[PDB]
Structures are given as C-alpha cells and as structure tokens.
Amino acid sequence: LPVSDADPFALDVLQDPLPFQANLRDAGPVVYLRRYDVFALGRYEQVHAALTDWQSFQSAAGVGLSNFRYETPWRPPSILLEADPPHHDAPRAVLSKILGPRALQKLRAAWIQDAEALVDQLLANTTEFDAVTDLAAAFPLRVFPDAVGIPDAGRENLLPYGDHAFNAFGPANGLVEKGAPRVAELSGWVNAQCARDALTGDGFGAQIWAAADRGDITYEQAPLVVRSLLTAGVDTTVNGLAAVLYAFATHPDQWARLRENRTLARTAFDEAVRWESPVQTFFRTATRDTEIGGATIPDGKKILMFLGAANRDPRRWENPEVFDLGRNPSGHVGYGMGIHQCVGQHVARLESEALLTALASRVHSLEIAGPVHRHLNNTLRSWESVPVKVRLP
Ligand code: HEM
Ligand SMILES: COc1ccc(C(=O)O)cc1OC
C-alpha cells in the first residue's frame, strides 16, 4: 500500500493542487497519508465507488477529518450531510423535492431577469470590475436568500459562515482558526433565520415547514433542514460562479463558443464544476474492513476522496486539464455521487445559466485585468478577487 507524507492541506497544495492530484492518481488507487492516518482516493473509479457506497463508507461520524465517534463537532452536525440511512432519508426527500427541476421552473424567469438587471447595471457603470465581488458574489446574494425567504439584515454573515463550515472539515490551522469571537455571532444569526417565524413568502424555508406539517419531517428537523440551505447554498455558488467566470476570462476560446451558441450557457457550469471542482475533498468513515483498490481500509478508519483529482483523471476524461464546452461532463463527481449527491445542484445550475445568459448577451470579450487572489480554504476552492476587463459589441 503506498505510504506518503504528502499534505493535502499544506498551503502550497491548497494554492495549486494539480501536482498533488497527479502524484496521487499515479501512485495507485489508494494512498496512505501517514500524516493523517487516512486513505486517499484520487482516481475517478474509486472516488465514484466510495461516494456511492454509503453502507461501507458512512457519513455520520463526520465527512471532515474530525471523527465524531470521539470528537466534539463544532456545531450540531448536518442532518443531511452528516447522516446515514435511515435518518438521512426524510430530510433528503424533503429538499430533493423543493430544490428539484419542476420546483425551480417558477423561478427561472425571475432569476434570468435579475441577472440581466445586474449585468446591465454593471456594464453601464464600468467595463473594468471584480468578477468575484461584482458578479459571482453579488448575484447569489440577491436571489438565493430571497428564494429561501430570510430577511435582508445580516446577509453579510452567510459567506463567513459557509467559509468556516468548509474549513472545519480540514485540520486545525489559521484557516480553520478563523474566529471564535465571531463564530458564535454567525451561528446565533443563522439559527435565528431558520425559525418558522423568521421566514417569508412561500420560499424554500416555508416549504420545508409545510413538509413538516404534512409529517414528512418533524418540527425539530425543519430549522436544521433550513440550516443546510444557509450553510451549503451561498458559499458554494459564489465560488463556483467565480470559477466559471475565471475560466472564461482565461479561456477566450470557450467564451467565443458560448457567444456563438447560447445553449452552452445551460451546461457550461457543470464543465466548470468538473474542471475546477469547487468542493475538493470529502471524508467517509469505514463501517467495516473494506477492500477497495487492492487496499483494505480498516473498520473505523477514514477515506479522503479527491473530487478534483477524479474529475481530472485521464482514465475517465479525454484531455481532462482542458476547459471544454464541447465535453459531455455528465458523471463528474463535483457534486458527489449517490444518495448524498448535491441536492442543490439544480439551483446552482439555474444561477449559473441566468448569469451566463445575461453576460454572453452583452459581452464580446473578457480578459484578466489584474492579479487574481484565491481565498485559501481546506475544502472549498474559494476566491477573493478576479479583476476583469470586458469589451462590449
Ligand atoms: C445553492 C447551491 C447549493 C445548495 C443549496 C447545496 C446543498 C447541498 C446539500 C444540502 C448537500 C447535502 C445533501 C445530502 O447529504 O444528502 C449537498 C451535497 C453536496 N454539494 Fe451541494 N449545494 C449547492 C451547490 C453546490 C455546488 C456549486 C457544489 C460544488 C461545486 C456543491 C457540492 C456538493 C457536494 C460535493 C456534495 C456532496 C457531499 C457528500 O457526498 O458527502 N454544492 N449540497
Ligand atoms: C457540500 O457541503 C455541504 C453540504 C451540506 C451542508 C449542510 O450544512 O447541510 C454543509 C456543507 O458544507 C459546509
């Protein structure tokens, strides 16, 4: 069994993980990370299988490094993400309906128009702007919390909260050790927003509570289902949108493709999720000795799954380093796979579609105009700044 002291959460890896991915995949199906006493999987075949194999590889002992058999979680674990069947079943079914294609039909017009308003306002203002601040971050922060049905006061808390959540999956470091003085402030505010009386419209929050009335989940599950939406909903989409915008800005070939064929706007996002894999890593815990990739993972030990590495595995993907709108990216693992596969994927897709729709209409050319700054995070490839300059037709 290959053994290595490679550190996936060293700052150099986090800055640029591609060498690490290649080393990982090359070495074998399974690499023992001596530093963390976890078993790493980087190839598409094993990552895909580990993800779907909930029976052998559970989520309730944590999907971060921390082992909940022994270690105190930083917050009450997600009753979706950090739950196994049968406990997972009813909260999952509630969100899978509420966030599913048919349910979002009612929001498509509105999100597309909102994006048009945002893009037209921005371009009226300037042809030189930050793609992160002015687009990737602006847009989800309009439409998503609205659709959930939370108030406008405090929305600035969503990103630091999500950032903390993603950091928490990794080891203790000045990334993860981000607050304490403010973490409790953030947790106090998110939880408050989950209460039935905090929520408005017949938005997603109210629909969770209605499902509870029908007995699909309990009233004590309801706020925690809402909470899932407020932890996973905003930070993933901002950073995913920052990534697709970065990819276009540095791939003028693929921008020209989108312009030519408007329909690639609906599926550009998924190639960007494969290519970038915003969510890089998740852990599982072995429920028993499992023989995967020639290796036996001892019962009780953790696997670390490298979604990025799998999404760039040449065993599965032709020229995987290429950002290619002509790829069929179906079967990518950027949203995971199996029973825990991103229940929010349709929302993220619609957000991307709306924003790309509106931008491709108005923007001939797009270039990097300044240094880009990544925000380092243990789990989520995240973005501080992507300065761009556009040319209008
Ligand atoms: C509004 C947007 C989103 C929402 C509301 C959302 C919500 C969720 C939720 C609640 C889960 C847990 C489901 C379960 O355990 O059954 C999940 C899983 C996941 N999401 Fe998302 N998500 C969103 C966008 C994204 C994006 C853009 C990505 C990646 C770029 C992403 C990556 C994932 C991954 C990798 C998992 C799998 C967790 C696992 O296998 O343990 N999500 N999402
Ligand atoms: C994909 O990542 C997540 C999924 C669900 C949750 C959740 O709070 O349900 C949180 C996540 O990251 C912080």
Side-chain angles (χ1 to χ4, degrees), residues 98-99 104 107-126 129-167 179 182 185-194 198-201 203-206 226-246 269 272-273 276 278-279 342 344-359 373-375 377 380-388:
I98 282 168
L99 301 183
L104 295 195
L107 296 190
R108 285 183 63 79
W111 288 13
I112 289 167
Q113 296 158 355
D114 294 352
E116 287 174 343
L118 168 61
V119 163
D120 290 338
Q121 159 230 240
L122 180 53
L123 293 187
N125 289 349
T126 183
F129 61 82
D130 196 327
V132 184
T133 45
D134 301 322
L135 282 186
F139 188 53
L141 285 173
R142 43 167 80 196
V143 297
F144 182 71
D146 284 354
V148 173
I150 66 158
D152 276 311
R155 281 184 189 188
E156 64 281 353
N157 300 318
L158 293 153
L159 278 167
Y161 181 71
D163 192 55
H164 188 255
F166 279 108
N167 265 320
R182 184 177 61 135
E185 178 178 59
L186 301 176
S187 303
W189 184 88
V190 176
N191 288 320
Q193 317 304 310
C194 295
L199 292 161
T200 56
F204 303 146
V226 186
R227 197 197 76 176
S228 275
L229 289 189
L230 302 183
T231 319
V234 160
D235 204 25
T236 54
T237 63
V238 169
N239 286 296
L241 290 180
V244 77
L245 293 173
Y246 171 82
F269 189 56
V273 165
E276 171 78 8
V279 172
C342 183
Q345 51 185 284
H346 307 288
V347 174
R349 282 172 179 159
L350 179 49
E351 287 180 16
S352 193
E353 187 185 343
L355 187 77
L356 293 181
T357 294
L359 270 173
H373 300 292
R374 295 187 183 262
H375 182 76
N377 185 288
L380 188 67
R381 300 263 291 172
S382 55
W383 297 86
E384 269 257 68
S385 186
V386 178
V388 296

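What's counted below: heavy atoms across the whole structure, side chains too, no hydrogens, waters or symmetry copies. One is the number of the first residue; the rest follow in order along the sequence.
- For the atom pair CG of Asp134 and CG of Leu118, the computed distance is 8.5 Å after rounding to the nearest 0.5 Å.
- Nearest approach of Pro278 to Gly240, heavy atoms of both residues: CG-CA, 3.9 Å.
- Considering every non-hydrogen atom in both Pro145 and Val234, the closest pair reads CG-CG2, 4.5 Å.
- Here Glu156 does not pair with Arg182 in a salt bridge; the nearest charged N to carboxylate O distance is not below 4.0 Å.
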What do the steps show when you test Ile150 against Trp189 for side chain to side chain contact (heavy atoms under 4.5 Å, CB included), and what is the final call? CA-CA 11 Å; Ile150 66 158; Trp189 184 88; 3.9 Å; yes
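- A heavy-atom distance below 4.5 Å is not found between the side chains of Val244 and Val273.
- Using a distance-only test at 3.5 Å, with no hydrogens or angles considered, a donor-acceptor pair links the side chain of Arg142 to the main chain of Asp114.
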Does the side chain to side chain contact (heavy atoms under 4.5 Å, CB included) test come out yes or no for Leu158 and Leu230, once each step is laid out? CA-CA 7 Å; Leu158 293 153; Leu230 302 183; 4.3 Å; yes
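- Smallest separation of non-hydrogen atoms from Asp163 and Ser382: OD1-OG, 4.3 Å.
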Verdict with reasoning, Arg227 to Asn191, per side chain to side chain contact (heavy atoms under 4.5 Å, CB included): CA-CA 7 Å; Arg227 197 197 76 176; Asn191 288 320; 3.7 Å; yes
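- Closest non-hydrogen pair, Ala242 versus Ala136, comes out as N-CB, 3.4 Å.
- Counting heavy-atom neighbours within 6.0 Å of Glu384 CD, excluding the residue itself, gives a total of 12 or less.
- Nearest heavy-atom pair, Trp383 versus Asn239, reported as atom, atom and distance to 0.1 Å: N-OD1, 2.8 Å.
- Taking CG of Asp235 as the reference point, atom CG of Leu159 lies at 5.5 Å (rounded to 0.5 Å).
- In terms of heavy-atom proximity, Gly201 sits nearest to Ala206 at O-CB, 3.6 Å.
- Once rounded to the nearest 0.5 Å, the distance linking CG of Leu380 with NE2 of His375 reads 9.0 Å.
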CA sep, side-chain torsions, deciding dist, call: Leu241, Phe269, side chain to side chain contact (heavy atoms under 4.5 Å, CB included): CA-CA 8 Å; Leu241 290 180; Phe269 189 56; 4.3 Å; yes
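- The distance from atom CD1 of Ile98 to atom CG of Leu104, rounded to the nearest 0.5 Å, is 11.0 Å.
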